Amino acid sequence: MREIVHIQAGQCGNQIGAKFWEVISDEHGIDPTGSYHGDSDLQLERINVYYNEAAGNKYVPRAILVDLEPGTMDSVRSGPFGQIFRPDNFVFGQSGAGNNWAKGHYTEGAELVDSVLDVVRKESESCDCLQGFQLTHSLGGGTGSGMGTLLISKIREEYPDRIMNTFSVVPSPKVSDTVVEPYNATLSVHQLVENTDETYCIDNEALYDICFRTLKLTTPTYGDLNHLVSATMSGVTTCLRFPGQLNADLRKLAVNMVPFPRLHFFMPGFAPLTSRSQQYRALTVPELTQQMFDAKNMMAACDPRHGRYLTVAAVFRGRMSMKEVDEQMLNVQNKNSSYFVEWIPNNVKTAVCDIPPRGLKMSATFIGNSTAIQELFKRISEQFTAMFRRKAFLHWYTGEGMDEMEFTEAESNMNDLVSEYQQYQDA
Amino acid sequence: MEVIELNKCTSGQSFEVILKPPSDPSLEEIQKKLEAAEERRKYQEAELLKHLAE
Amino acid sequence: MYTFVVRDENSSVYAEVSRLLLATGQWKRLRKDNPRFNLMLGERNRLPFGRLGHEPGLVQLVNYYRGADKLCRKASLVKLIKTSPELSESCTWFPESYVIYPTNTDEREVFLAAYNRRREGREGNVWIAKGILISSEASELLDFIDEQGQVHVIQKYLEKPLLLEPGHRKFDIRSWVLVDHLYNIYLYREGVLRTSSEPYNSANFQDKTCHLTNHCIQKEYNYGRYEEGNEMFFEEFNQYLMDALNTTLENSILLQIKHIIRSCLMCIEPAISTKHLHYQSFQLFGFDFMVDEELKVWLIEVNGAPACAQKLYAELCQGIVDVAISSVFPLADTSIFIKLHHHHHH
Amino acid sequence: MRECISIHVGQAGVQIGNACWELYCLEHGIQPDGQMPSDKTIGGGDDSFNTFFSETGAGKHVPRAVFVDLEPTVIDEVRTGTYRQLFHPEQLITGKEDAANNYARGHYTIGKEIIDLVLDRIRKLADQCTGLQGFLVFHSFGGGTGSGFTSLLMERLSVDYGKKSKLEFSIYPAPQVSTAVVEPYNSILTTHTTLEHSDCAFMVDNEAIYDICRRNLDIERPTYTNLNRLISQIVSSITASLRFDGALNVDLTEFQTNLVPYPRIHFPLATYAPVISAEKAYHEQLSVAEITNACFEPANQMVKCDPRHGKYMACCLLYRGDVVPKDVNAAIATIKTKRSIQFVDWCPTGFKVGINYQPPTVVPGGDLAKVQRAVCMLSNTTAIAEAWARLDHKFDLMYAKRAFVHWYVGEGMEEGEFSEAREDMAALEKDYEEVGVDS
Ligand SMILES: CC[C@H](C)[C@@H]([C@@H](CC(=O)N1CCC[C@H]1[C@H](OC)[C@@H](C)C(=O)N[C@H](C)[C@@H](O)c1ccccc1)OC)N(C)C(=O)[C@@H](NC(=O)[C@@H](NC)C(C)C)C(C)C
Ligand SMILES: Nc1nc2c(ncn2[C@@H]2O[C@H](COP(=O)(O)OP(=O)(O)OP(=O)(O)O)[C@@H](O)[C@H]2O)c(=O)[nH]1
Ligand SMILES: Nc1ncnc2c1ncn2[C@@H]1O[C@H](COP(=O)(O)OP(=O)(O)CP(=O)(O)O)[C@@H](O)[C@H]1O
Ligand SMILES: Nc1nc2c(ncn2[C@@H]2O[C@H](COP(=O)(O)OP(=O)(O)O)[C@@H](O)[C@H]2O)c(=O)[nH]1
Ligand SMILES: [Ca+2]
Ligand SMILES: [Ca+2]
Ligand SMILES: [Mg+2]
Ligand SMILES: [Mg+2]
């Protein structure tokens, strides 16, 4: 009844997107049928944020599934939770995007985008008071990247006073060997800087390293990477889905998290880190607090000690002492005060939700707007320039109508972003 | 020191004790207020829509 | 880790406390405007006491007592003594004194009431102003007060001071007093006589290298003749009092000093104590004393931000840490002060 | 008899209102359905309690209240809570989406689409009043609605009810429970725009109340419910003289007269005693001297500050319970000799005392113990400006970098409205310093 519209785009976007629906549907007591079989009414009080009700007391994700090839969507459909999704919200083409941002944004994607907007519009029109949109996608491929950014631009045209939120998956050569990813991602970041209000930087570099170094998985799969993504996504959406004081809608989060409109790229973090394998000792509140702020628990590969936190939100789940939570939270700030900008007083805000995630007695999710996120953008930028200075691989893009100029503006805008962060790390 | 104004009733009582003596915007201006803000929002939204059209 | 900030760069004493704290490796200094501190060593003017004790999770302590200026400004001090019944007009350890304004409240009239019973007892009638001048002649000072612009004090000048021999010299005593957060009053066992180097001349009041005993006003005019820096310490002065006068420092002067210090600070305790407050205060004071030839002690002035004497920085600054600070913020894992307390029953 | 309309704005305003009306009903022995067995004039009256309740032929006592929130959640808890029948649906007004912790969204953007509706609902209550005195307005400084809508509402009540008194109960922001990092911005903005429109404002700092709850009720982590029950006892205390027979502060005009000689300096400090845990097994009941003396302990104040280091301009003591004048005067005599209490030169040093013999009522199952006698001091001391200083400093820190400003400009407000509101506060902190210090 403050409604969110979810869209998932491309391979990655739909993979993490389906995972998201599996996990929260379980947290809200909804089964693949769409039938509620839970034992508490916290589960239902705010269900209409993410689900429409249907006849037979049926709950149906407010979810649009977009791709330019079918592969992944067929997989969603005949998977476990596939029956839960509204069939006419599956919107797909046949040709695919060949990891090519230009195909996704300008050629192949344009052919399909109006159909997606028809479905978005139908879902918007039956919302008591729509708050905005959330999108899941990668930035290194073509559909999620180029088409997903194209959609963002068009949604903002029709709904310019609604909030736009992305879970954007940032590429890393530790996970993909596709050579043009830095292109597709620099081009996407340009879009996100201008047209989203909140972006969760979910860095495939960090997810891989957490899987290998910490979880001792010698051969990480996308399944292992995604388990981390779904846990983070459950965590960062908890204040929107359950009854609560703080960051209970997208706009309020935005207001608390974004001091400057361009600096809306968040480092998420999760504790305790787990692989898909039972965790038998519950964490103490001090442990959650120390872990959630640990660099090794960050889903964006940045060293938080290399920058300064503009704003933080922390979300603690499970039955625990609020007193201990406040003491520990306060203790992180007072022991490391120098990493928290002094010109934004009381910049850390903390929420506690009694329902834990499945699997855990206790958990914490960290959302940080820190200036160290530049390291991520510099990395993408270094990879971009290495190719761009020899105009390499550009024919794949100019062949779809693009000019070099457009690459140059994008590189520039992301380098401006980086230096604005630097600006505030030294203030 | 000096008690005064002693008032008593069924509910209670009151008095004073003294230790020491001494030694607007119009309806119009508002409706305007609101309307200039809204015009500025409209301009900002229009500029964005102009930009998105480009 | 405890934390602290520094907001008075020119403080001789607190410079030294910054060093000693860091060197514990259990205290971390922050930028002066970072509010997430356990301890502030504050500025001297408009210290923002209203922003203290509103940081959850932080016991906060400051090195000044709000309200203390009332003891430490000459106009206020004089005022405080006449008005407070615990001190009163009686008060036998403070020179008769009056608050006088320029004419650009005032008790100029009531000053003369006494000036012309010393001209109508023809006895000693020398006074002193608050840039400072002594005179026998009232209107040569009043015409000096209005010609300077600030509110000033007129005080009876003590014509019969104790005089150190060899030298026929004059001195004041400075005692360093520390009041902690519990309002324990701690007298540092080392005081110092800030001496003159030039024989006291009672017939001539302009040549003021002999009437004013200030560490600066001596230097910048026989500095160093009888002892370093015109500073006699207590072992020697005690020794001299024994030799020359057959008495002790403790008995002749120091009981009086302890008495004056307690009386001063117990007077204002209710206006400045932090015992139930949301931040706690401590503070170092420097009390300045005069002794007459009769071995009678007189309070000159109280200093809100005193400097120590070079020899004694190391020990005093350590004591401040031990009692004023580590009392509030303990560590893991011989006392240089004497505690002023006295509970007589009547 | 002259009627008073209570207006509760935003989550904090509303939840505090709930708590107050719950207490008022118990105090006046009015039941959840609105029936009052002790009232014998059925369908009417001009008793003192009727200043705050209207009556129906069915025998129903209904608050002279209007609740307004820009989202519905919180007002829906009233609509279906235990006092649902007390209120006429038309007194509970809600929007679809809230002001998102933004003064401008609440003032300019959403305020415009709802102001007229509320004014009309307030007009419906005013029309049942033979002699309306004016309004009590309850809101937070830090919420978007509480700050932004309220100031708009206050500018309009000045226009449509010019001769009428306006009092505030204002929640001043505290990080231990605040929900937004821009609360300092909102607090200053609403204070600026609201200042000329409010005759007397009682600020409560959530910090103060939170700690009273920790320290005196042994509550490990205070909730709004804990906080509000406490706040509501202070409020009831302040308003008792308007709902009960007496001769002190019998009308809204009198608070201004007794507590506010300099109009802009209209922020009296409340101090309340005794606050005693209901779980406490053995409690020695506290004397008149003891609870009066507690009125001068910063730990018992609604705002932490130190009244020793400013001056007084007025001081009322409001007692409930077994208290007689003679005991009050002895208490005050002793206290004057012990404590630092300096009035300004142009004001008598003295107290106005109000005694209601009925001891404080408490919510059954609440945290507060029943007590034999209690007191609330209202003192207009320049020391409360410490709170202004704190708020202003935080505002300066953020605004120097324009942090978050774009959210406000985004809603139609102009960057200049920030610096103009800060100038007003700058001058406010100056008025307080003139009045309260010498050298
Ligand atoms: C780190 C790079 C990705 C993550 C891994 C992973 C791919 C994966 O997980 N794949 C390839 C689609 C199928 C999926 C897994 O099979 C292994 C299934 C069980 C799974 O995790 N399925 C999940 C539950 C499913 O939801 C899913 C998710 C995404 C896509 C499809 C299906 O295989 C180990 N890959 C390419 C590799 O490890 C490869 N190695 C390389 O690319 C190296 N460079 C040569 C890497 C380290 C940069 C191959 C030699 C195998
Ligand atoms: N004492 C008290 N403080 C509250 C309560 N609710 C919110 N607050 C405080 O008020 C401020 C939050 O403002 P709210 O009143 O929630 O804001 P709102 O008026 O609902 O405005 P929007 O939600 O922005 O539309 C913070 O300082 C909260 O701690 C309450 O019930 N009691
Ligand atoms: N009533 C008095 N009788 C005799 N000598 C006096 C006196 N008042 C002041 N003096 C002399 O003047 C000297 C300095 O005066 P005073 O102490 O008032 O000024 P000051 O504040 O600049 C230095 P400090 O802050 O260290 O005390 C004293 O050491 C003392 O010898
Ligand atoms: N974390 C995660 N990353 C993925 C997944 N699938 C693809 N990626 C990454 O996403 C990028 C390729 O984008 P993809 O979504 O496959 O292309 P699209 O279908 O054209 O949007 C590369 O950086 C891949 O490593 C996934 O399931 N999980
Ligand atoms: Ca085609
Ligand atoms: Ca009646
Ligand atoms: Mg692919
Ligand atoms: Mg609200």
# chains A, B, ... in the order shown; residues from 1 in each chain; ligands from 1

call {"tool": "residues_near_ligand", "arguments": {"ligand": "ligand 1", "cutoff": "6 Å", "atoms": "only C-alpha atoms and all ligand atoms", "output": "VMD selection string"}}
result
chain A and resid 15 174 to 177 219 to 223

call {"tool": "interface_residues", "arguments": {"of": "chain A", "to": "chain B", "cutoff": "8 Å", "atoms": "only C-alpha atoms", "output": "list in words"}}
result
residues 153, 157 and 160 of chain A

call {"tool": "interface_residues", "arguments": {"of": "chain A", "to": "chain C", "cutoff": "12 Å", "atoms": "only C-alpha atoms", "output": "JSON, numbers by chain"}}
result
{"A": [323, 324, 325, 326, 327, 328, 329, 330, 331, 332, 333, 334, 335, 336, 337, 338, 339, 340, 341, 342, 343, 344, 345, 346]}

call {"tool": "interface_residues", "arguments": {"of": "chain D", "to": "chain B", "cutoff": "10 Å", "atoms": "only C-alpha atoms", "output": "compact mmCIF listing (two decimals) with C-alpha atoms, in the first residue's frame"}}
result
# COMPACT_ATOMS: atom_id res chain seq x y z
CA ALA D 104 9.82 21.23 2.33
CA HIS D 107 5.36 22.38 4.00
CA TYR D 108 5.33 23.12 0.25
CA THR D 109 4.64 19.96 -1.65
CA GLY D 111 1.05 20.69 2.72
CA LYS D 112 -0.61 22.45 -0.22
CA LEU D 152 2.05 25.92 7.48
CA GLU D 155 0.63 30.45 9.68
CA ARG D 156 -2.97 29.77 8.69
CA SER D 158 -2.93 33.02 12.68
CA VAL D 159 -4.87 34.26 9.62
CA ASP D 160 -8.22 32.52 10.24
CA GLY D 162 -6.15 35.95 14.69
CA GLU D 196 5.81 34.53 15.40
CA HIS D 197 2.81 32.23 15.38
CA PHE D 244 -10.06 21.56 36.62
CA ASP D 245 -11.38 24.09 39.08
CA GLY D 246 -8.60 26.51 40.09
CA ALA D 247 -7.32 30.12 39.86
CA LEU D 248 -3.88 29.71 38.27
CA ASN D 249 -3.46 29.38 34.49
CA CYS D 316 5.35 28.39 38.18
CA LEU D 317 5.06 25.28 40.37
CA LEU D 318 2.21 22.93 39.72
CA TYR D 319 1.46 20.36 42.39
CA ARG D 320 -0.83 17.34 42.46
CA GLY D 321 -1.45 15.41 45.63
CA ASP D 322 -1.27 16.06 49.33
CA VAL D 323 0.39 19.39 49.39
CA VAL D 324 -0.46 22.53 51.41
CA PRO D 325 0.83 26.09 50.94
CA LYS D 326 2.73 26.14 54.20
CA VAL D 328 5.56 24.78 49.79
CA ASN D 329 6.86 27.97 51.43
CA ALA D 330 9.13 26.22 53.80
CA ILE D 332 11.07 27.26 48.85
CA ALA D 333 12.73 29.12 51.74
CA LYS D 336 16.59 29.69 47.97
CA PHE D 343 16.01 36.34 38.00
CA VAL D 344 16.45 39.17 35.63
CA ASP D 345 16.49 42.65 37.17
CA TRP D 346 13.18 43.71 35.66
CA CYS D 347 11.24 40.80 37.24
CA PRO D 348 10.27 39.84 40.75
CA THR D 349 12.01 36.83 42.23
CA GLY D 350 9.00 34.69 43.07
CA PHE D 351 6.90 31.65 42.27
CA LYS D 352 3.23 31.22 41.26
CA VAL D 353 1.91 28.02 42.83
CA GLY D 354 -0.94 25.80 41.74
CA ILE D 355 -2.11 22.87 43.87
CA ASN D 356 -4.58 20.27 42.79
CA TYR D 357 -5.38 17.89 45.68
CA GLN D 358 -6.09 14.94 43.35
CA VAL D 409 15.34 22.52 -3.32
CA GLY D 410 13.83 19.51 -5.08
CA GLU D 411 10.50 20.24 -3.49
CA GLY D 412 10.38 23.90 -4.45
CA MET D 413 12.06 25.59 -1.53
CA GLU D 414 14.96 27.92 -2.17

call {"tool": "residues_near_ligand", "arguments": {"ligand": "ligand 6", "cutoff": "9 Å", "atoms": "only C-alpha atoms and all ligand atoms", "output": "number ranges by chain"}}
result
D: 36, 38-47, 49-50, 54-55, 59, 61

call {"tool": "write_last_selection", "arguments": {"atoms": "N, CA and C atoms", "output": "PDB file, in the first residue's frame"}}
result
ATOM      1  N   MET D  36     -19.480   9.173  30.661  1.00  0.00           N
ATOM      2  CA  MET D  36     -18.964   9.709  31.927  1.00  0.00           C
ATOM      3  C   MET D  36     -20.028   9.703  33.045  1.00  0.00           C
ATOM      4  N   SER D  38     -20.079  10.281  36.134  1.00  0.00           N
ATOM      5  CA  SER D  38     -20.077  11.372  37.108  1.00  0.00           C
ATOM      6  C   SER D  38     -20.637  12.697  36.554  1.00  0.00           C
ATOM      7  N   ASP D  39     -20.784  12.824  35.237  1.00  0.00           N
ATOM      8  CA  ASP D  39     -21.383  14.028  34.654  1.00  0.00           C
ATOM      9  C   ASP D  39     -22.903  13.915  34.714  1.00  0.00           C
ATOM     10  N   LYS D  40     -23.538  14.891  35.368  1.00  0.00           N
ATOM     11  CA  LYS D  40     -24.992  14.876  35.586  1.00  0.00           C
ATOM     12  C   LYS D  40     -25.750  15.778  34.639  1.00  0.00           C
ATOM     13  N   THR D  41     -25.125  16.851  34.156  1.00  0.00           N
ATOM     14  CA  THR D  41     -25.662  17.583  33.010  1.00  0.00           C
ATOM     15  C   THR D  41     -25.448  16.710  31.757  1.00  0.00           C
ATOM     16  N   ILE D  42     -26.472  15.940  31.380  1.00  0.00           N
ATOM     17  CA  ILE D  42     -26.418  15.077  30.196  1.00  0.00           C
ATOM     18  C   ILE D  42     -26.556  15.929  28.945  1.00  0.00           C
ATOM     19  N   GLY D  43     -25.668  15.720  27.994  1.00  0.00           N
ATOM     20  CA  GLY D  43     -25.753  16.346  26.702  1.00  0.00           C
ATOM     21  C   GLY D  43     -25.170  17.715  26.676  1.00  0.00           C
ATOM     22  N   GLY D  44     -24.576  18.104  27.781  1.00  0.00           N
ATOM     23  CA  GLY D  44     -24.107  19.450  27.921  1.00  0.00           C
ATOM     24  C   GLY D  44     -23.435  19.799  29.215  1.00  0.00           C
ATOM     25  N   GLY D  45     -23.102  21.081  29.242  1.00  0.00           N
ATOM     26  CA  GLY D  45     -22.410  21.710  30.332  1.00  0.00           C
ATOM     27  C   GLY D  45     -21.411  22.750  29.911  1.00  0.00           C
ATOM     28  N   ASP D  46     -21.074  23.607  30.846  1.00  0.00           N
ATOM     29  CA  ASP D  46     -19.897  24.434  30.802  1.00  0.00           C
ATOM     30  C   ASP D  46     -19.008  24.227  32.047  1.00  0.00           C
ATOM     31  N   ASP D  47     -18.859  22.970  32.466  1.00  0.00           N
ATOM     32  CA  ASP D  47     -17.814  22.616  33.418  1.00  0.00           C
ATOM     33  C   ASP D  47     -16.415  22.846  32.855  1.00  0.00           C
ATOM     34  N   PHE D  49     -13.971  20.661  32.615  1.00  0.00           N
ATOM     35  CA  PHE D  49     -13.548  19.569  31.773  1.00  0.00           C
ATOM     36  C   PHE D  49     -14.064  19.779  30.350  1.00  0.00           C
ATOM     37  N   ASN D  50     -15.194  20.465  30.199  1.00  0.00           N
ATOM     38  CA  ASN D  50     -15.753  20.757  28.859  1.00  0.00           C
ATOM     39  C   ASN D  50     -14.896  21.663  28.030  1.00  0.00           C
ATOM     40  N   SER D  54     -16.373  17.946  24.254  1.00  0.00           N
ATOM     41  CA  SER D  54     -17.754  18.251  23.900  1.00  0.00           C
ATOM     42  C   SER D  54     -18.622  17.080  24.327  1.00  0.00           C
ATOM     43  N   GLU D  55     -19.940  17.248  24.282  1.00  0.00           N
ATOM     44  CA  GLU D  55     -20.911  16.231  24.709  1.00  0.00           C
ATOM     45  C   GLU D  55     -22.000  15.976  23.649  1.00  0.00           C
ATOM     46  N   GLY D  59     -24.835  11.055  25.538  1.00  0.00           N
ATOM     47  CA  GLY D  59     -24.094  11.097  26.812  1.00  0.00           C
ATOM     48  C   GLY D  59     -22.587  10.951  26.666  1.00  0.00           C
ATOM     49  N   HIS D  61     -18.749  11.944  25.666  1.00  0.00           N
ATOM     50  CA  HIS D  61     -17.770  13.001  25.827  1.00  0.00           C
ATOM     51  C   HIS D  61     -16.657  12.792  24.789  1.00  0.00           C
TER      52      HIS D  61
END

call {"tool": "residues_near_ligand", "arguments": {"ligand": "ligand 4", "cutoff": "7 Å", "atoms": "only C-alpha atoms and all ligand atoms", "output": "mmCIF file with C-alpha atoms, in the first residue's frame"}}
result
data_model
loop_
_atom_site.group_PDB
_atom_site.id
_atom_site.type_symbol
_atom_site.label_atom_id
_atom_site.label_comp_id
_atom_site.auth_asym_id
_atom_site.auth_seq_id
_atom_site.Cartn_x
_atom_site.Cartn_y
_atom_site.Cartn_z
ATOM 1 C CA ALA A 9 16.715 -7.902 -16.651
ATOM 2 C CA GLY A 10 19.080 -10.192 -18.512
ATOM 3 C CA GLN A 11 20.830 -13.310 -17.335
ATOM 4 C CA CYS A 12 22.307 -12.026 -14.121
ATOM 5 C CA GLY A 13 19.355 -9.788 -13.291
ATOM 6 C CA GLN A 15 19.134 -15.083 -11.682
ATOM 7 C CA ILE A 16 19.577 -12.830 -8.680
ATOM 8 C CA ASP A 67 15.224 -10.612 -21.308
ATOM 9 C CA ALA A 97 22.271 -8.996 -26.876
ATOM 10 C CA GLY A 98 25.689 -10.698 -27.271
ATOM 11 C CA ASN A 99 27.115 -8.894 -24.238
ATOM 12 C CA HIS A 137 20.745 -6.494 -13.436
ATOM 13 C CA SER A 138 24.465 -6.837 -14.209
ATOM 14 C CA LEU A 139 26.404 -3.998 -15.845
ATOM 15 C CA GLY A 140 28.960 -6.177 -17.745
ATOM 16 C CA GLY A 141 26.639 -7.890 -20.265
ATOM 17 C CA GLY A 142 24.187 -6.449 -22.753
ATOM 18 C CA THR A 143 20.561 -6.882 -21.748
ATOM 19 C CA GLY A 144 20.731 -6.058 -17.994
ATOM 20 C CA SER A 145 23.266 -3.409 -18.774
ATOM 21 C CA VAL A 169 26.146 -6.155 -10.366
ATOM 22 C CA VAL A 170 29.540 -4.867 -11.105
ATOM 23 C CA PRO A 171 31.892 -6.901 -13.291
ATOM 24 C CA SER A 172 35.289 -8.339 -12.473
ATOM 25 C CA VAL A 175 34.574 -13.952 -12.741
ATOM 26 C CA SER A 176 34.235 -13.158 -16.416
ATOM 27 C CA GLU A 181 32.655 -5.801 -19.892
ATOM 28 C CA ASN A 204 31.526 -9.731 -8.577
ATOM 29 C CA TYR A 222 27.176 -18.441 -9.656
ATOM 30 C CA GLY A 223 25.044 -20.335 -7.088
ATOM 31 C CA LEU A 225 27.883 -15.876 -5.565
ATOM 32 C CA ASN A 226 24.147 -15.509 -5.617
#

call {"tool": "residues_near_ligand", "arguments": {"ligand": "ligand 8", "cutoff": "8 Å", "atoms": "only C-alpha atoms and all ligand atoms", "output": "list in words"}}
result
residues 10, 11, 12, 69, 70, 71, 98, 99, 100, 101, 143, 144, 145 and 146 of chain D

call {"tool": "write_last_selection", "arguments": {"atoms": "N, CA and C atoms", "output": "PDB file, in the first residue's frame"}}
result
ATOM      1  N   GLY D  10       1.545  14.670  12.651  1.00  0.00           N
ATOM      2  CA  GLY D  10       2.664  13.731  12.398  1.00  0.00           C
ATOM      3  C   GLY D  10       2.713  12.591  13.388  1.00  0.00           C
ATOM      4  N   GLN D  11       3.542  11.570  13.162  1.00  0.00           N
ATOM      5  CA  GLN D  11       3.562  10.404  14.057  1.00  0.00           C
ATOM      6  C   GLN D  11       3.753  10.797  15.512  1.00  0.00           C
ATOM      7  N   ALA D  12       4.763  11.594  15.805  1.00  0.00           N
ATOM      8  CA  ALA D  12       5.012  11.941  17.181  1.00  0.00           C
ATOM      9  C   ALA D  12       3.839  12.708  17.824  1.00  0.00           C
ATOM     10  N   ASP D  69      -2.007  13.134  10.031  1.00  0.00           N
ATOM     11  CA  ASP D  69      -0.746  12.566   9.539  1.00  0.00           C
ATOM     12  C   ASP D  69      -0.812  12.401   8.012  1.00  0.00           C
ATOM     13  N   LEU D  70       0.326  12.578   7.353  1.00  0.00           N
ATOM     14  CA  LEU D  70       0.398  12.476   5.909  1.00  0.00           C
ATOM     15  C   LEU D  70       0.468  11.043   5.382  1.00  0.00           C
ATOM     16  N   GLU D  71       0.710  10.071   6.263  1.00  0.00           N
ATOM     17  CA  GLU D  71       0.553   8.649   5.942  1.00  0.00           C
ATOM     18  C   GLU D  71      -0.483   8.116   6.921  1.00  0.00           C
ATOM     19  N   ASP D  98       3.908  10.077   2.981  1.00  0.00           N
ATOM     20  CA  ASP D  98       4.340  10.983   4.028  1.00  0.00           C
ATOM     21  C   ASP D  98       5.336  11.937   3.514  1.00  0.00           C
ATOM     22  N   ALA D  99       5.843  12.804   4.368  1.00  0.00           N
ATOM     23  CA  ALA D  99       6.752  13.870   3.938  1.00  0.00           C
ATOM     24  C   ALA D  99       8.225  13.425   3.914  1.00  0.00           C
ATOM     25  N   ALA D 100       8.445  12.123   4.103  1.00  0.00           N
ATOM     26  CA  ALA D 100       9.772  11.557   3.949  1.00  0.00           C
ATOM     27  C   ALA D 100      10.893  12.282   4.743  1.00  0.00           C
ATOM     28  N   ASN D 101      10.596  12.816   5.945  1.00  0.00           N
ATOM     29  CA  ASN D 101      11.587  13.504   6.772  1.00  0.00           C
ATOM     30  C   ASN D 101      12.150  14.802   6.209  1.00  0.00           C
ATOM     31  N   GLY D 143      10.479  15.279  12.139  1.00  0.00           N
ATOM     32  CA  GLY D 143       9.742  14.661  11.043  1.00  0.00           C
ATOM     33  C   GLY D 143       9.459  15.664   9.943  1.00  0.00           C
ATOM     34  N   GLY D 144       9.101  15.166   8.766  1.00  0.00           N
ATOM     35  CA  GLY D 144       8.758  16.027   7.644  1.00  0.00           C
ATOM     36  C   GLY D 144       7.396  16.701   7.844  1.00  0.00           C
ATOM     37  N   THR D 145       6.433  15.899   8.295  1.00  0.00           N
ATOM     38  CA  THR D 145       5.115  16.387   8.576  1.00  0.00           C
ATOM     39  C   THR D 145       5.141  17.239   9.831  1.00  0.00           C
ATOM     40  N   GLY D 146       5.637  16.685  10.924  1.00  0.00           N
ATOM     41  CA  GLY D 146       5.691  17.428  12.159  1.00  0.00           C
ATOM     42  C   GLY D 146       6.316  18.814  12.059  1.00  0.00           C
TER      43      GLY D 146
END

call {"tool": "atom_distance", "arguments": {"atom1": "atom 28 (C, counted along the ligand's line) of ligand 2", "atom2": "atom CA of residue 15 of chain D"}}
result
10.9 Å

call {"tool": "interface_residues", "arguments": {"of": "chain D", "to": "chain C", "cutoff": "6 Å", "atoms": "only C-alpha atoms", "output": "list in words"}}
result
residues 340, 386 and 390 of chain D

call {"tool": "write_last_selection", "arguments": {"atoms": "N, CA, C and O atoms", "output": "mmCIF file, in the first residue's frame"}}
result
data_model
loop_
_atom_site.group_PDB
_atom_site.id
_atom_site.type_symbol
_atom_site.label_atom_id
_atom_site.label_comp_id
_atom_site.auth_asym_id
_atom_site.auth_seq_id
_atom_site.Cartn_x
_atom_site.Cartn_y
_atom_site.Cartn_z
ATOM 1 N N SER D 340 21.495 28.348 43.423
ATOM 2 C CA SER D 340 21.681 29.511 42.537
ATOM 3 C C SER D 340 20.456 29.794 41.648
ATOM 4 O O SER D 340 20.202 29.100 40.651
ATOM 5 N N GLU D 386 20.802 26.615 25.455
ATOM 6 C CA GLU D 386 21.785 25.586 25.187
ATOM 7 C C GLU D 386 21.263 24.633 24.098
ATOM 8 O O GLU D 386 21.998 24.215 23.220
ATOM 9 N N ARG D 390 22.974 23.814 20.402
ATOM 10 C CA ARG D 390 23.300 22.454 19.946
ATOM 11 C C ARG D 390 22.720 22.246 18.561
ATOM 12 O O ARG D 390 23.410 21.820 17.671
#

call {"tool": "residues_around", "arguments": {"residues": "residue 190 of chain C", "least_positions_apart": "4", "cutoff": "8 Å", "atoms": "only C-alpha atoms", "output": "list in words"}}
result
residues 175, 176, 233, 234 and 312 of chain C

call {"tool": "residues_near_ligand", "arguments": {"ligand": "ligand 5", "cutoff": "9 Å", "atoms": "only C-alpha atoms and all ligand atoms", "output": "ChimeraX atom specification"}}
result
/A:95,107-109,111

call {"tool": "residues_around", "arguments": {"residues": "residue 379 of chain A", "least_positions_apart": "6", "cutoff": "12 Å", "atoms": "only C-alpha atoms", "output": "list in words"}}
result
residues 170, 171, 172, 173, 182, 185, 186, 203, 205, 300, 301, 302, 372, 373, 385, 386, 414, 415 and 418 of chain A

call {"tool": "interface_residues", "arguments": {"of": "chain D", "to": "chain A", "cutoff": "7 Å", "atoms": "only C-alpha atoms", "output": "list in words"}}
result
residues 96, 100, 101, 175, 179, 180, 181, 220, 221, 394, 397, 398, 403 and 404 of chain D

call {"tool": "residues_near_ligand", "arguments": {"ligand": "ligand 3", "cutoff": "10 Å", "atoms": "only C-alpha atoms and all ligand atoms", "output": "ChimeraX atom specification"}}
result
/C:72-74,94-97,126-134,153-161,170-174,193-196,208,210-217,286-292,298-307
